[PDB]
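Protein chains in written order, with the numbering used here: chain A, -14 to 222; chain B, 447 to 688; chain C, 2 to 12; chain D, 68 to 77.
All remarks here apply to the structure that follows.
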């Protein structure tokens, strides 16, 4: 029925690697001392442009096209902030103590104090980056985790449900195939699988706490939010 | 030095099973079709009494005593609602379309609409229960998942010496992972089926985290609404999440 | 009418 | 703290 289940492990990895969105740049202004309104403007503008690439990255995820239009909308509405965060965390691996929102926008926890309530989200994001760096997370594992977020985070807020779970099982087979490829023993394979999937619980937590902060930003009306971001934000009520 | 690292998989299961807290009763009266503010009073009273058993249950979890006191406080302050919810979901497996808060308090989603915003959290709990039902979740797997939630939900929210105890928590987590795999291999599942089922169970915990997050936000509104009597312990747990 | 509807159908 | 207390009671 669906061609995603017929792909092999390497073909699954290649399709996810080739689908990777590009690393966008922040607005050029050197700008570096920041205020609440200026930092929120740079991140909001960056997040709005990353969403356009994420939506096109989602259609390239094997099995995502097979869902109905409403099912695709629901999965992206619930996962979009998680996907932004895990990408930011992955970009910040090689920069301990820093968050790489863009190649020209590297911030630390001191700059998170400019925005009211963001320093808490910053520390959790930095902690996830240290966790990935301590685990030596590979890019093949990262694209698997990110697609798991897209398919799993909304599967329980809905025949069609068995499709997503079978695609989720495919990625699980792909993750194990990557770990057996790197020489990990059987005990190390299911242990590392568990460690990686448990971090998704914390990424969900960071997203929920992030949604609250972005909701108060709409009520503060300090920075005008784009209509696309407003629709993704109103989906969480 | 820890006993949790010396235990075997079967020894891990029996230790967690022997530590299971009891199923508590509510003060629900079927003769009184009471209102929504009263139903939350029953759930608030029930959750408050369950917290006392959960606190003593946590001491029985292997490795939890080897942690410092303030780390035990942090772990429970962030996981307590998740543990209440997965326990509620587990008790409700054999009651499709209903949530068994207590043996005398069985509610469907129609009676959850009485409280504002309560209907959404009810549906997520029901979907989680039906998810456990189609997976045929076993009791030995439930106690592992519940103990994983306790150790994992606050491990990233914790200077140089404090990260040594953080390493001890990941050791116990890997041991519980070995226990889950041992159970699935005992049930006649292939290596492919073990890794899939292990992944399916751990992906539930992110949804349980989501339910707890939305649950915390609903509890915060009740405190400011000042309509349901919240106990001093629940108000202290609620102030831990700000 | 959702903007997300339009973006998922375009390329 | 009540949680600190119940964890500490022996």
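Every residue, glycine too, gets a C-beta built ideally from N, C-alpha and C.
Original post:
Taking the alpha-carbon positions, what's the residue 650/B to residue 140/A distance?
Top reply: Take the alpha-carbon of residue 650/B and the one of residue 140/A: they are about 10 Å apart.
Subject >> chain D contact residues for residue 683/B, given Cβ-Cβ distances below 8 Å >> reply: Neighbours of residue 683/B in chain D, taken as residues whose beta carbon is under 8 Å from its own, are 70 in chain order.
Original post:
For residue 62/A and chain C, any beta-carbon pair shorter than 9 Å?
Top reply: Using a CB distance cut-off of 9 Å, residue 62/A counts as an interface residue toward chain C.
**OP:** Answer yes or no: does any C-beta atom of chain B fall closer than 9 Å to that of residue 137/A?
**Re:** Interface flag for residue 137/A against chain B is set, since a Cβ pair is found closer than 9 Å.
Original post:
Under the rule that 16 or more other beta-carbon atoms within 10 Å means buried, what is residue 549/B, buried or exposed?
Top reply: Answer is exposed; the Cβ neighbour count stays below 16.
Subject >> Residue burial classification, residue 580/B (beta-carbon count within 10 angstroms, cutoff 16) >> reply: When all chains shown are included, residue 580/B counts as exposed.
Original post:
In three-state DSSP terms, what is residue 4/A?
Top reply: Of the three classes helix, strand and coil, the one that applies to residue 4/A here is coil, per DSSP.
Original post:
How is the beta strand (DSSP E) around residue 676/B delimited, first residue to last?
Top reply: Residue 676/B -> no beta strand (DSSP E), and no H or E assigned at all.
**OP:** Taking only beta-carbon positions, decide if residue 669/B is within less than 9 Å of chain A.
**Re:** No, residue 669/B does not count as interfacial toward chain A.
Subject >> Contact set for residue 686/B: own chain, Cβ-Cβ below 6 Å, skip 5 residues either direction >> reply: Excluding residues within five positions, the ones whose Cβ falls inside 6 Å are 523.
Original post:
Expressed to the nearest angstrom, what Euclidean distance is found between the alpha-carbon atoms of residue 90/A and residue 10/A?
Top reply: Approximately 8 Å between the Cα atoms of the pair.
**OP:** Output yes if chain B places a C-beta closer than 9 Å to the C-beta of residue 112/A; else output no.
**Re:** At least one chain B Cβ lies under 9 Å of residue 112/A.
**OP:** Taking residue 131/A as the query, report the chain C residues whose CB atoms sit under 7 Å from its CB, ordered along the chain.
**Re:** None at all; the shortest Cβ gap to chain C is about 18 Å.
Subject >> Option nearest residue 70/D by Cα separation, candidates 468/B, 482/B, 499/B >> reply: Of 468/B, 482/B, 499/B, the residue nearest in Cα terms is 499/B.
Original post:
Using CA coordinates, which residue listed in 482/B, 488/B, 478/B, 502/B is at the minimum distance from residue 462/B?
Top reply: When only C-alpha atoms are compared, the closest one is 502/B.
**OP:** Give, in chain order, every unbroken run of the alpha helix (DSSP H) that is at least 4 residues long and sits entirely within the region 104 to 149 of chain A.
**Re:** If only complete runs of 4 or more residues are kept, the region 104 to 149 of chain A shows the alpha helix (DSSP H) at 124 to 137, in order along the chain.
Original post:
Is residue 9/A helix, strand or coil by DSSP?
Top reply: Looking at residue 9/A - three-state DSSP - the assignment turns out to be coil, as it is neither helix nor strand.
Original post:
Taking Cβ positions only, does residue 659/B come closer than 9 Å to chain A?
Top reply: Taking Cβ atoms only, chain A reaches closer than 9 Å to residue 659/B, which makes this a yes.
**OP:** Could you check the C-alpha separation between residue 634/B and residue 587/B for me, to the nearest Å?
**Re:** Computed Cα separation, rounded: 15 Å.
Original post:
Quick one: Cα of residue 598/B to Cα of residue 509/B, how far?
Top reply: Rounded to whole angstroms, residue 598/B to residue 509/B spans 12 Å at the Cα level.
Original post:
Based on the DSSP output, what are the partners of residue 620/B in its beta bridges?
Top reply: Beta-bridge pairing by DSSP links residue 620/B to no other residue.
Original post:
When DSSP labels each residue in this structure, what does residue 554/B get in the three-state scheme?
Top reply: In the structure shown, residue 554/B sits in a strand (DSSP, three-state: E or B).
Original post:
Taking one C-beta from the region 178 to 193 of chain A and one from the region 20 to 30 of chain A each time, how about it: are there three or more such pairs within less than 8 Å?
Top reply: Judged by Cβ distances under 8 Å, the region 178 to 193 of chain A makes no contact with the region 20 to 30 of chain A, as fewer than three pairs qualify.
Original post:
residue 152/A versus chain C: which residues are under 8 Å apart at the beta carbon?
Top reply: The contacting residues do not exist; residue 152/A stays about 18 Å from chain C at best.
Subject >> Where the region 643 to 655 of chain B meets chain A: residues whose CB sits under 7 Å from a CB there >> reply: Answer set for the region 643 to 655 of chain B: 644, 645, 648, 649, 651, 652, 653, 655.
Original post:
Between 142/A, 102/A, 30/A, which lies nearest to residue 205/A when the distance is taken from Cα to Cα?
Top reply: In terms of Cα proximity to residue 205/A, the closest of 142/A, 102/A, 30/A is 102/A.
Original post:
What are the boundary residues of the beta strand (DSSP E) that residue 544/B is part of?
Top reply: The continuous beta strand (DSSP E) containing residue 544/B extends over residues 544 to 548.
**OP:** Please work out which residues of its chain come closer than 7 Å, Cβ to Cβ, to residue 526/B, disregarding the five sequence neighbours upstream and downstream, and give them in chain order.
**Re:** Leaving aside the five residues that flank residue 526/B on each side, the residues in its chain whose CB is nearer than 7 Å to its CB run, in chain order, 497, 500, 683.
**OP:** Report yes if the C-beta distance between residue 72/A and residue 111/A is below 9 Å; otherwise report no.
**Re:** Contact flag unset, no.
Original post:
If the cut is a Cβ gap below 7 Å, which residues of chain A does residue 537/B touch?
Top reply: Within chain A, no residue comes near residue 537/B; the closest Cβ sits about 18 Å away, beyond 7 Å.
Original post:
Helix, strand or coil: which one does DSSP assign to residue 530/B?
Top reply: Residue 530/B: helix per DSSP, three-state reduction.
**OP:** For residue 593/B, I'd like the list of residues in its chain whose CB is within less than 7 Å of its CB, leaving aside the five on either flank, ordered along the chain.
**Re:** If we look at residue 593/B and ignore the five residues flanking it on each side, its Cβ neighbours are 462, 507, 622.
Subject >> Closer than 9 Å to chain D by CB, residue 554/B >> reply: Not one chain D Cβ lies under 9 Å of residue 554/B.
Subject >> Reference residue 505/B, options 680/B, 555/B, 558/B, 465/B, closest by Cα >> reply: Measuring from the Cα of residue 505/B, the nearest candidate turns out to be 465/B.
**OP:** Can you grab the Cα-Cα spacing for the pair residue 517/B / residue 591/B, in whole Å?
**Re:** One Cα belongs to residue 517/B, the other to residue 591/B, and the distance between them is close to 20 Å.
Subject >> Alpha-carbon to alpha-carbon, residue 663/B and residue 557/B >> reply: Looking at the two C-alpha atoms, the distance is approximately 20 Å.
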